[PDB]
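Residue numbers (our numbering), protein chains in the order written: chain A, 1 to 60; chain B, 1001 to 1678.
Structure record follows, encoded as structure tokens.
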């Protein structure tokens, strides 16, 4: 099998925090994603690293 | 039996808090002890009363056993627990406590005295019949005697010598039926290493792994051995990481380790808690006695995670008080069962890059790992220091102990990894990076490590992450902002701002330049090691206006253009900038630029120095010729009508005298030439 130590999340919101939490118990790293601004949001304050992706519209 | 309501502690540190805690559950009083100052320490803030004992040196503090006993008598103390170190191993102190009537906690003085000398101790165990590997048999009376007992007393051949660690007489001669090379090897060893011609033969073991079983005894003839332990990992005779369940140890053996251990303790007679240490070779498959300690170890809470008595959690210190109570036990060796695995590691306030030399400094910020249960594992941290405390050079460098109990070894080891990573301290370099390096790359997850395991992998270890050019960007920025309004309200004309920081990374100065374009404090760039980029930075609340030695601890956010974002708690000072984040911890030393700013004189100072007025009559010159004079001492004192008027020259460099005391000299004479030391 293949080892996992880094977890990536696509969406934002309740699911981000839920996926992030259990991850702590499995002792796995976390990564967050956020749109323009949207950096004070909680999920990013819960992960290990966050990356900005671009303009607010869901296309972008 | 005798009632106990007052408990006395000798030593200081983690053991003080541990002994103090359980005491609360038994509902017993507490007393603390502290050296000069050392009154803000935690343990004293945990007890009921604390007493100062005297000067910092260990001779002055915690060694005046008679004074401690008199103070305890004045307090009408019920019991004393020495702990480990100081008077932990001193039979006179225990005897004096017994004469005073206080219940000493530990073995009787006779056992400590007997085990103080190695020869008489090994004599006692040899009489008892425990398999013991001795250090010597007779002497080299005859060379044929070597062949006589080579295949007799000990088939494995340990030639060595009477003393000295050179050991060239060994030659690693593990092959029996050797008779023409062993004598030649011994005779070539005698050359240039004569010492005493006596030679001792022993068994030679190829591999060594340390084992140490625990034991407990009441005073009513009843005891039970705890689970074994492993101390294979140790550097320079210092414990590093240990495991209570010796991985790869058959149950049957466990049982037997006990029967041997109980025989030895009964033979000498023993009360309280103790530990027997063995030495083991995998190839032979047998264990031979090496040493025992009649004192509670530091590794007691470790073995606890792998033993339960009557289904209940075990407390080792509890029983020792109950043993002192005179009550008899309640359980046989059976009620105790092991459950799961655990690992331990010690953190030392030393510098791994350096010669593991202790460092003393204030504790700026101390992260605390989550000490709660989650997943399939229990992780705990015990620390004898807190925020605002300072490390004392007199004491050993010892911060905290981290233990990861688990249902399986894997869970335990994995748990630690994350915890070891999480705990963070700022202010003094630690070996925490070393321990993590000891855990990741070495394939000791299998469980087989020898006593010398640390020695071979020293090349692999002693390795730390490389400071990326980005790390300098956040570190450099914090020092400015965490010192002043640099880049705050700044403004120039038809131009743009610029400010630079110099870092003395390793032995090479490092320059980082930061500047802005537009009307934006937010948009910032950087150029370090010929690497350029852009980022934005958003700070937090401004704190620590007094900017003392602790300086300012603030959180930072950095949005680099590529797209990332970071959070960094930076406690920056003039000496260094410390940044802690997902990268880890890194402290960058700022290029030092100090050199008697003012007094920087390279003048030759050839002549016409400390000239005296007309009357002259020099005398009482108190400076040696050709000795450096940087501070302005009285080079020459001349008297003019009772006018000493000392010249007090401050020109740096050695001063050369051309005059002698009592010699009348003319006006403005060259009494001495104050020249730079050449």
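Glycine is no exception: its CB is placed at the ideal position from the N, C-alpha and C atoms.
Kindly give me the distance between the Cβ atoms of residue i and residue j, rounded to whole angstroms, as I take these residues to be in contact under 8 Å.
| i | j | result |
| --- | --- | --- |
| residue 1326(B) | residue 1002(B) | 7 Å |
| residue 1454(B) | residue 1235(B) | 5 Å |
| residue 1653(B) | residue 1628(B) | 7 Å |
| residue 1271(B) | residue 1130(B) | About 20 Å separates the two Cβ atoms, so there is no contact after all. |
| residue 1403(B) | residue 1342(B) | 6 Å |
| residue 1316(B) | residue 1273(B) | 6 Å |
| residue 1392(B) | residue 1360(B) | 6 Å |
| residue 1400(B) | residue 1406(B) | Not a contact, Cβ separation roughly 19 Å. |
Taking the beta strand (DSSP E) that residue i belongs to, which residues open and close that run?
| i | result |
| --- | --- |
| residue 1239(B) | 1238–1243 |
| residue 1415(B) | Premise fails: residue 1415(B) lies in the alpha helix (DSSP H), 1409–1422, not in any beta strand (DSSP E). |
| residue 1569(B) | 1566–1572 |
| residue 1405(B) | 1400–1406 |
| residue 1503(B) | 1498–1505 |
| residue 1170(B) | Looking at the DSSP string, residue 1170(B) is not in any beta strand (DSSP E), and its letter there is neither H nor E. |
| residue 1527(B) | 1523–1528 |
| residue 1587(B) | 1584–1589 |
Using only the alpha-carbon positions, how far apart do residue i and residue j sit?
| i | j | result |
| --- | --- | --- |
| residue 1504(B) | residue 1035(B) | 38 Å |
| residue 1666(B) | residue 1643(B) | 16 Å |
| residue 1450(B) | residue 1151(B) | 28 Å |
| residue 1008(B) | residue 1079(B) | 6 Å |
| residue 1475(B) | residue 1544(B) | 18 Å |
| residue 1194(B) | residue 1067(B) | 49 Å |
| residue 1051(B) | residue 1347(B) | 29 Å |
| residue 1425(B) | residue 1364(B) | 8 Å |
| residue 1280(B) | residue 1211(B) | 7 Å |
| residue 4(A) | residue 15(A) | 20 Å |
| residue 1096(B) | residue 1023(B) | 25 Å |
| residue 1128(B) | residue 1138(B) | 21 Å |
| residue 1540(B) | residue 1555(B) | 6 Å |
| residue 1020(B) | residue 40(A) | 44 Å |
| residue 1081(B) | residue 1480(B) | 51 Å |
| residue 1534(B) | residue 1473(B) | 10 Å |
| residue 1576(B) | residue 1678(B) | 36 Å |
| residue 1122(B) | residue 1289(B) | 9 Å |
| residue 1045(B) | residue 1026(B) | 19 Å |
| residue 1468(B) | residue 1586(B) | 11 Å |
| residue 1447(B) | residue 1248(B) | 7 Å |
Measure the Cβ-Cβ separation of residue i and residue j and say whether it is below 7 Å.
| i | j | result |
| --- | --- | --- |
| residue 1339(B) | residue 1380(B) | no |
| residue 1369(B) | residue 1433(B) | no |
| residue 1358(B) | residue 1397(B) | yes |
| residue 1320(B) | residue 1105(B) | yes |
| residue 1148(B) | residue 1169(B) | no |
| residue 1216(B) | residue 1303(B) | no |
| residue 43(A) | residue 58(A) | no |
| residue 1651(B) | residue 1636(B) | no |
| residue 1091(B) | residue 1069(B) | no |
| residue 1496(B) | residue 1517(B) | yes |
| residue 1160(B) | residue 1167(B) | yes |
| residue 1536(B) | residue 1522(B) | yes |
| residue 1071(B) | residue 1006(B) | no |
For residue i, collect the residues of the same chain with a Cβ closer than 7 Å to its Cβ; drop the 5 residues on either side in sequence, then sort them by chain order.
| i | result |
| --- | --- |
| residue 1266(B) | none |
| residue 1136(B) | 1200 |
| residue 1679(B) | Residue 1679(B) lies beyond the residue range present for chain B, which begins at 1001 and ends at 1678; the question has no answer from this structure. |
| residue 1441(B) | 1460 |
| residue 1335(B) | 1309 and 1310 |
| residue 1620(B) | 1637 and 1661 |
| residue 1337(B) | 1308 |
| residue 1154(B) | 1201, 1202 and 1203 |
| residue 1126(B) | 1132 |
Might you give, ordered along the chain, the residues of its own chain that have their beta carbon closer than 6 Å to the beta carbon of residue i, omitting 5 neighbours on each side?
| i | result |
| --- | --- |
| residue 1311(B) | none |
| residue 1329(B) | 1218 and 1222 |
| residue 1054(B) | 1060 and 1061 |
Give me, in chain order, the residues of the same chain whose beta-carbon lies closer than 8 Å to that of residue i; leave out the 5 immediate sequence neighbours on both sides.
| i | result |
| --- | --- |
| residue 1634(B) | 1622, 1623, 1646, 1647 and 1648 |
| residue 1641(B) | 1615 |
| residue 1511(B) | 1500, 1501, 1502, 1503 and 1528 |
| residue 1669(B) | 1611, 1612, 1616 and 1659 |
| residue 1213(B) | 1225, 1226, 1227, 1228, 1229, 1257, 1258, 1261, 1275, 1276 and 1278 |
Output the boundary residues of the alpha helix (DSSP H) element that contains residue i.
| i | result |
| --- | --- |
| residue 1095(B) | 1091–1100 |
| residue 1469(B) | 1469–1481 |
| residue 1559(B) | Residue 1559(B) -> not in any alpha helix (DSSP H); beta strand (DSSP E) instead, spanning 1552–1560. |
| residue 23(A) | 14–25 |
| residue 1114(B) | 1109–1116 |
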